[PDB]
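The structure under discussion appears below in the form of structure tokens.
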Amino acid sequence: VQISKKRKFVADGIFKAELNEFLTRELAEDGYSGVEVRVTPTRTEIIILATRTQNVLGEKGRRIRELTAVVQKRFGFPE
Amino acid sequence: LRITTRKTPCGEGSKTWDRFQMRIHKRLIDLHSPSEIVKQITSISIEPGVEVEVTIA
Amino acid sequence: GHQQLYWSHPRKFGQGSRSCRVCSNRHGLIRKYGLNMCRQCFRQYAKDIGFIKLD
Amino acid sequence: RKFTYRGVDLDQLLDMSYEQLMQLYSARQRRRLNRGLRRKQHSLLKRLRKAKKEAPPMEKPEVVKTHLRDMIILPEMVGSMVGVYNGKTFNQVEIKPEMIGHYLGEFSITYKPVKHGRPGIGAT
Amino acid sequence: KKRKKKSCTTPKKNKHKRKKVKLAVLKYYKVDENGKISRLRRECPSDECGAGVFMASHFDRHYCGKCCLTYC
Amino acid sequence: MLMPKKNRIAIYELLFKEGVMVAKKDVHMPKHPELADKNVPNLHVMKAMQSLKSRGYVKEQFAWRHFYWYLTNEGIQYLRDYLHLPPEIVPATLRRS
RNA sequence: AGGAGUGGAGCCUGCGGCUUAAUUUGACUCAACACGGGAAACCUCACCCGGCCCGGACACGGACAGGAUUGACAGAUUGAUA
RNA sequence: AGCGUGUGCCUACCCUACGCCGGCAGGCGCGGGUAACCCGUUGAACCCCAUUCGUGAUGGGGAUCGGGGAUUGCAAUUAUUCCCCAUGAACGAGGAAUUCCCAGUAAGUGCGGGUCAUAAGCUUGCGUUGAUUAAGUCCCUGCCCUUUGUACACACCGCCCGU
Ligand SMILES: [Mg+2]
Ligand SMILES: [Mg+2]
Ligand SMILES: [Mg+2]
Ligand SMILES: [Mg+2]
Ligand SMILES: [Mg+2]
Ligand SMILES: [Mg+2]
Ligand SMILES: [Mg+2]
Ligand SMILES: [Mg+2]
Ligand SMILES: [Mg+2]
Ligand SMILES: [Mg+2]
Ligand SMILES: [Mg+2]
Ligand SMILES: [Mg+2]
Ligand SMILES: [Mg+2]
Ligand SMILES: [Mg+2]
Ligand SMILES: [Mg+2]
Ligand SMILES: [Mg+2]
Ligand SMILES: [Mg+2]
Ligand SMILES: [Mg+2]
Ligand SMILES: [Mg+2]
Ligand SMILES: [Mg+2]
Ligand SMILES: [Mg+2]
Ligand SMILES: [Mg+2]
Ligand SMILES: [Mg+2]
Ligand SMILES: [Zn+2]
Ligand SMILES: [Zn+2]
């Protein structure tokens, strides 16, 4: 089945709030500024705004490749 | 949607209330056309904050 | 044995079966629209959720 | 003079099954029996029966202690010594035939009756 | 408020200490001079406890410790 | 903490395969969602990851109710030596796909 | 200038007292007292009575495949099939 | 009439039309709704029109108790809640004192939301009926300014004198 629009919008807001809190705690050291979630039926893109992107990406892109993993693990939507 | 809560984290002081409010707006459009043209026009429509649902009755 | 006794008491309804999704507190819980937050956490995260004060 | 529960004496009550006893009881006891008894109540009944079987012909059975304050007094319990927990101590109760249909917790009081003293300074 | 101690109960409830048995494998088998082996302890009829899982020779019962199966 | 060796093997295999671990901090959860058909309680995962963290093998973060764990290089070496994995095996994180 | 009142009655709920094994606790003029979103049968629970569990990471030492340790049928025991 | 809610990650617990059974609380079936779609044209209560009663603690009031029935729950006793017979207390407008209010307002009357397995004498909102009085003042209470006096500055809950 499906849920009502009220619950859907509330769930989207709660998801964005939790994502922002997690990103804050993770990337405070890197000057984390904000998060922007653009939802597309193909893929859901997440833009991370921070002062420096070198630390967020990590070496060879390891660290960011970790984050997009745990997010997929946390909220459960498919790989 | 409305949520009325108390401002104070505890139970001390004047009884003051916060009234939070969320508004949801909804539009409907009808089209007599084949699927392909609808997807053609819809592809551009992607906008941040707007949920678009296409159904064939 | 201990395996049967531990956590045996049913928790399918009541205050003991519900808690805040942020701080795990069972008091002052908001269940409307499936928020499942205590009032303090909700007041902290209302702007992020999308609730605006107009009056 | 002879005891009768809603026109039925003790012997017929002992002969009756649970379904027959449901119609004699009140609404709450009937609903409780219809929902059924769990393992702990059956264990208590078994212990009471075991204790009553081993009693001397002229002596009372050994006291059986329990925390089950919501147990319904069945006609098979008449004549048994039950210690009922009140949160602090086990109070000894002998089941009488006029207790049929009540709970065990109704016969072990959970508080001390109040005897008032002189009111303090904070009373006006 | 400050916590009161009130430390007085049954003197000491002791924890069960498991018995130390030296070479418990040996007593399961008996040996003749010819070199034969006879299994003193019965073997449980369960699936998992079929070959090496022996039972318990209690004074009035047989008990498998791995699946709680009991026989007279 | 006492637990069967196969639970530890499964947890370590999953951690080395993915490179990260997520838990909900629920000691009464009957089984970990990710570790299904292996019957691993969530408490075992929590305690195993805590033991790994105390030795520096994993890095930990906590968010809103959840534990997040990332694998360290020394943790990679420890898991590779523990599971007897060939030196040609790396977690999916270390592959820039 | 007035209206509806409260203070009087019965009852419902909070706060003092007094009892209790415990009757958990914060707050005391406005700016404490149907307030802590506090309408508690269990949970909530923070109080009292009694009984299990370790969910005491990690480092060092001891002991250990001639076994470190784990669980458990019956009878006893227990409020209890801890 | 109006504001709103409705099948839920964990999480078990939704709103209900229609048919039958029961006197009632309720029980059986069988459908709709993830909602301007179904409950729902939300047949609300006060109010309106008739009937009975007739200044009698009265057919006002409904406290306290007895006996039965049913629902929620793992569990209802120290009565969870609900229904039916029976019982029928103070109370005849309230001392000193004291609260809120200037128009769709005060008051009367119901209905939603929160709490909620069971659930409103509380709160937060919504309608419906709908006024008397006033368009002023500094008398009471309190708070601001200006002038003025001070031996106060931890600021009158101050400082300070003599037995
Ligand atoms: Mg009145
Ligand atoms: Mg009055
Ligand atoms: Mg009064
Ligand atoms: Mg008072
Ligand atoms: Mg306390
Ligand atoms: Mg003021
Ligand atoms: Mg209170
Ligand atoms: Mg209650
Ligand atoms: Mg009880
Ligand atoms: Mg209990
Ligand atoms: Mg309690
Ligand atoms: Mg241990
Ligand atoms: Mg009368
Ligand atoms: Mg009368
Ligand atoms: Mg009765
Ligand atoms: Mg009591
Ligand atoms: Mg009546
Ligand atoms: Mg209301
Ligand atoms: Mg309600
Ligand atoms: Mg309240
Ligand atoms: Mg004045
Ligand atoms: Mg002067
Ligand atoms: Mg001066
Ligand atoms: Zn919270
Ligand atoms: Zn066996």
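Note that we place each Cβ from the backbone using ideal geometry, even for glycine, and neighbour counts take in every protein chain shown. Here, each number is a calculation from the coordinates, and none is a lab measurement.
Looking at region A:1-56, which of the residues that are more than 14 Å from chain C (Cβ to nearest Cβ) and of a type in the set (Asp, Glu) is nearest to B:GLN21 (Cα to Cα)? Per the criteria, the residue is A:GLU45. In this entry, F:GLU34 is excluded by the filter for residues that are charged (D, E, K, R), within 16 Å of RNA strand G (Cβ to nearest atom) and at negative phi.
Checking each residue in region C:12-33 for being more than 6 Å from RNA strand G (Cβ to nearest atom) and part of a loop (DSSP other than H, G, I, E, B) picks out C:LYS12, C:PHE13, C:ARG18, C:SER19, C:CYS20, C:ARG21, C:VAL22, C:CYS23, C:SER24, C:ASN25, C:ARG31. Taken over region C:34-45, the criterion of being crowded, with 17+ Cβ neighbours inside 10 Å and either within 12 Å of the chain's Cα centre (by Cα) or within 11 Å of RNA strand G (Cβ to nearest atom) (or both) is satisfied by C:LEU35, C:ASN36, C:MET37, C:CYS38, C:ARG39, C:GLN40, C:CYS41, C:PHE42, C:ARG43.
Taking E:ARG41 as the residue in question, decide whether it is of a type in the set (D, E, K, R) and either surrounded by 11 or more Cβ atoms within 10 Å (Cβ to Cβ) or within 16 Å of ligand 24 (Cβ to nearest atom) (or both). For E:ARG41, the condition - of a type in the set (D, E, K, R) and either surrounded by 11 or more Cβ atoms within 10 Å (Cβ to Cβ) or within 16 Å of ligand 24 (Cβ to nearest atom) (or both) - is met.
C:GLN4 meets all of the listed conditions (1) more than 9 Å from every other protein chain (Cβ to nearest Cβ); (2) loosely packed, with under 10 Cβ neighbours inside 10 Å; (3) in a loop (DSSP other than H, G, I, E, B) but one, namely (3). Within this structure, F:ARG96 passes the test of being within 16 Å of A:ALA69 (Cα to Cα) and surrounded by fewer than 17 Cβ atoms within 10 Å (Cβ to Cβ). Taking first residues from region B:1-26 that are within 12 Å of C:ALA46 (Cβ to Cβ) and within 7 Å of another protein chain (Cβ to nearest Cβ) and partners that are within 9 Å of RNA strand G (Cβ to nearest atom) and among the polar types (S, T, N, Q), the Cβ contacts under 6 Å between residues at least 6 apart in sequence or on separate chains come to B:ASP18/B:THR5; B:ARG19/B:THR4.
Residues checked against (1) of a type in the set (A, V, I, L, M); (2) touching a helix residue (DSSP H, G or I) at 6+ places or on another chain (Cβ under 9 Å):
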residue: A:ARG7; (1), (2): no, yes
residue: A:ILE14; (1), (2): yes, yes
residue: A:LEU27; (1), (2): yes, yes
residue: A:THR42; (1), (2): no, no
residue: A:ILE48; (1), (2): yes, yes
residue: A:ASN55; (1), (2): no, yes
residue: A:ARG74; (1), (2): no, yes
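Would you point out which residue out of D:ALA55, D:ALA27, D:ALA51 is exposed (fewer than 14 other Cβ atoms within 10 Å of the Cβ) and of a type in the set (A, V, I, L, M)? After applying the criteria, what remains is D:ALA27. Scanning region C:11-23 for residues that are within 14 Å of chain A (Cβ to nearest Cβ) and more than 6 Å from RNA strand H (Cβ to nearest atom) yields a count of 3.
Residue by residue, here is whether (1) more than 11 Å from ligand 25 (Cβ to nearest atom); (2) assigned to a strand (DSSP E or B) holds:
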position: E:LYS5; (1), (2): yes, no
position: E:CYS8; (1), (2): yes, no
position: E:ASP47; (1), (2): no, no
position: E:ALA51; (1), (2): yes, no
position: E:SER57; (1), (2): yes, yes
position: E:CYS67; (1), (2): no, no
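Residues of region B:11-40 that are of a type in the set (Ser, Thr, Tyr) and within 22 Å of B:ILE56 (Cα to Cα): B:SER33, B:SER35. Looking across region D:20-54, the residues that are touching a residue at least 12 places away in the same chain (Cβ under 8 Å) and basic (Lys, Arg) come down to D:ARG32, D:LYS40, D:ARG47, D:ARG49, D:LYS52.
Residues in region C:34-55 that are part of a loop (DSSP other than H, G, I, E, B) and within 7 Å of another protein chain (Cβ to nearest Cβ): C:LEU35, C:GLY50, C:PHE51, C:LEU54, C:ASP55.
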